[PDB]
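There is one chain below, alone, in structure tokens, taken in the form deposited in one PDB entry.
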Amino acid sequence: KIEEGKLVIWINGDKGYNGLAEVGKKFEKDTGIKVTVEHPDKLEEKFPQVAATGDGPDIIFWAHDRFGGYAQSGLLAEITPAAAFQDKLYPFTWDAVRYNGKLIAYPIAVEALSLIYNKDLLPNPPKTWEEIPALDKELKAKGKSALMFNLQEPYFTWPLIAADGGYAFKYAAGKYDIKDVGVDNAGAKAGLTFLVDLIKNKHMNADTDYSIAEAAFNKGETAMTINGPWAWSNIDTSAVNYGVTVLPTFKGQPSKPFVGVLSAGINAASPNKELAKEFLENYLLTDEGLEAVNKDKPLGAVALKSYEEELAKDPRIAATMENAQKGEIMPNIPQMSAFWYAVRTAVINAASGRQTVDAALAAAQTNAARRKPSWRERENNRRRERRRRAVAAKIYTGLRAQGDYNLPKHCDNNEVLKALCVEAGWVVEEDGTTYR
């Protein structure tokens, strides 16, 4: 739990938390506040559960697509810095991270997925998804493989599903039609059927995850992988001579990844609101603060106008943005979670053969639009059934008391119902069949 005079941080484990801790130490020595950095599993899930009761960290670090839903359950609101602080940063970044006209986190970077290939096994990477299966055959003879990426999180598979026209939600009339989904359209069918085919033809495995894909590339067993800028520092420590390049096309159409803006939301239950902002704006949104974090794990296209002009000329960042221009920024609406859960179920079930591509995407189309029942709606159901059982319980209580039926020493209510049935002129069989 929170407490005054301290600062705790929740960032994803694949991020530069150790470089984030190097500056929290620089903050501590300056004005006396100990800063600790923790990278918990499933932090984007634990936060909306615990912070309702006042728990959680002072600041949470996640991409912006969840954040509007976090704002909607009242976990942050109304963050305002001065314009000197509002403009040492990019206008598109603020737009994504503002829910209903209110800034809800400090944007920290811009991330997109790109194709990462080893120049040693693949001097010329493939430009198209369609030549991938033939490539894997040439590399399977040498003992290696073509492509391995995270098939568990749909973030990595969406560039291919969207390539031929699948869309999460449609933007029209200055608004996201939170009903209109395009996970069941013919475009999504072409994308997923190709991915499932890659698995059916043994070019990829349906159980592949992050560690499985990251290890196969860093050890040189797989020519290409699909990852974000955070994965670069790990490939740097390995003996792999890699290049970052545009993701391959599918049916002459580009791959369209979902672009994420890493953001720091201040917990509305924190007591360190201003102290945390002291960390945010004055000690880590500086050149030297982003350096310490980027040296550990590359943030990607950082959003600080000052620091980014140094990073934008790294050819790896330039390729990361060639992929992002081809993609779309992620909606921050609360129904992102329902869409992300549904498509995750679709890919996993279609990759494993539990469902057809038709059945998985059709089920995902309805799940991504499903409404979560309110707390009041749940309690209304609970209370109504609680009343029902109470009404029946009182009735049978009186029948067992004053009925004086010929009942066994112990018997369920159905026996009482039967005995009271025959008194009214009915005959009840063994299985409950009743008549006059």
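Numbers for residues come from their place in the sequence shown, where the first is 1.
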Per the entry, higher mean C-alpha B factor between 339 to 347 and 320 to 328: 320 to 328
Greater mean Cα temperature factor according to the PDB record, 186 to 194 or 306 to 314: 306 to 314
Selection from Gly398, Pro57, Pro408, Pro373 [criterion: highest C-alpha temperature factor in the record]: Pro57
Which of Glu385, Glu44, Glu38, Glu379 ranks first by CA B-factor in the deposited coordinates: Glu38
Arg66, C-alpha B-factor rank within chain (lowest, middle or highest third): middle
Cα B factor band for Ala363 (lowest, middle or highest third within the chain): lowest
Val50 by Cα B-factor - lowest, middle or highest third of the modelled chain: middle
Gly220 - Cα temperature factor, lowest/middle/highest third of chain: middle
Third assignment of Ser255 from its chain's C-alpha B-factors: middle
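Just so it is clear, the following notes concern the form deposited in another entry, a form of the same protein that is not shown.
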Rigid-body partner check between this form and the one not shown: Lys15, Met224: no
CA-CA separation of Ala63 and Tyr341, closer or farther in that other deposited form than in the form shown [shift of 3 angstroms or more]: farther
Sense of CA distance change between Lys15 and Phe339 in that other deposited form, threshold 3 Å: farther
